[PDB]
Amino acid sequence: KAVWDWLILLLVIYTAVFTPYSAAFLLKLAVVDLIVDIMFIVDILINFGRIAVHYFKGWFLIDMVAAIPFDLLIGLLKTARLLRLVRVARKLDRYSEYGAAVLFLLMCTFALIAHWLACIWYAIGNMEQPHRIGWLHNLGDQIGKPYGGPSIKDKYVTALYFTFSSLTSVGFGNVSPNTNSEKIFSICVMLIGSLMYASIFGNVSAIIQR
């Protein structure tokens, strides 16, 4: 049970990594998804004299809405699995025992935020493309693949690199917003980066000396 919580933390990290990715890029394997949802089902099973009434006190329903399947496009409906992060949020006291764990959690949450912003950025640059201004056209013109166009690997890597540059104050200049929606997204990313960057790096600066 002691390692069960850490395993569940790894599983929620995995699903937070791979649910927006599948809902943004690969939407047009499932074995790992099936295994992970089975593990989450067995976890809610073990988590339940009769402490069941204590469990059904506003904490079981939020897991239930994040446990049921949606089988009956539909990536938006399986995007609801992201509610599982409340499980790792409810027991932060156990995970924050050691400073190294805190540093690992800070790095993981920064990477997760960058990944989520990358997925949102790709969605923004993809839904507008059918209507040479979008960043996908610039990406295709830069590499030797005019828009077929670049493969999904190149698009994801470029989106992640641009988001990391935006949050890290670099501003590389290869990828640069052109459309109004891209500029608004960049403004929101700048505000979010101010918040996170400041808090995370102040926290690590405090932590390192301890």
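For the two forms, the rigid core is made up of the largest set of C-alpha atoms that agree within 1.5 Å on superposition. Numbers follow the displayed sequence, beginning with 1.
Enquirer: To spell it out: superpose each other structure in 7 other deposited structures of this protein onto this one by the rigid core, compute Cα RMS over structures and residues for 74-82 and for 113-121. Which is larger?
Expert: Checking 74-82 against 113-121 in 7 other deposited structures of this protein, I find the farther stretch is 74-82.
Enquirer: Out of 3-11 and 201-209, which one drifts farther from the shown form in 7 other deposited structures of this protein in terms of CA positions, with the fit done on the rigid core?
Expert: Stretch with the higher C-alpha RMS distance in 7 other deposited structures of this protein: 201-209.
Enquirer: What is the count, as a class, of unmodelled deposited residues between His131 and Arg132: none, 1 to 3, 4 to 9, or 10 or more?
Expert: Gap between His131 and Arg132: 1 to 3 residues without coordinates.
Enquirer: Please classify the unmodelled stretch of the deposited sequence between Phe48 and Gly49: none, 1 to 3, 4 to 9, or 10 or more residues.
Expert: Count of unmodelled residues in between: 10 or more.
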